[PDB]
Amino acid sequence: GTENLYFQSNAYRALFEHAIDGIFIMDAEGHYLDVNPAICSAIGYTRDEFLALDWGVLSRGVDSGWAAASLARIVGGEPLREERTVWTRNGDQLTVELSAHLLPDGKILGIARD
């Protein structure tokens, strides 16, 4: 049997740690809550730096209202799938495909892929 919370929790821990794709968790207000090793390494922020940032900073989409508009669609229950230019800590540019899905308690699971 695999239909129990311990198995599932185990499998999340392993996926989060070992995924090649970036995986992040944010709260309903767009505050980053967790970030996996892949995303910290790609974007160049440490976990502690990352957890002080909000949705929109990486892709410079706060002022434009992109962050607020997209967050609202996500918390409304529409999945996000959109390519965005993001900037690393050092100011280099990446193109990432961002996916985001609502979790049952209103938090958000995100994936960042090349």
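Residue numbers run from 1 along the displayed sequence.
Per the PDB record, is the mean Cα temperature factor higher over 29 to 37 or over 80 to 88?
Mean B over CA atoms: larger for 80 to 88.
68 to 76 set against 43 to 51, stretch whose average Cα temperature factor tops the other in the entry:
The entry gives the higher C-alpha B-factor average to 43 to 51.
Split into thirds by Cα B-factor across the chain's modelled residues, where does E97 land: lowest, middle or highest?
Highest third.
Consider only the C-alpha atoms of the modelled residues in this chain, order them by B-factor as the entry records it, and name the third containing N4: lowest, middle or highest.
CA B-factor rank for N4: middle third.
Based on the deposited C-alpha B factors for this chain, I'd like to know if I20 is in the lowest, middle or highest third.
According to the entry, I20 has a C-alpha B-factor in the chain's highest third.
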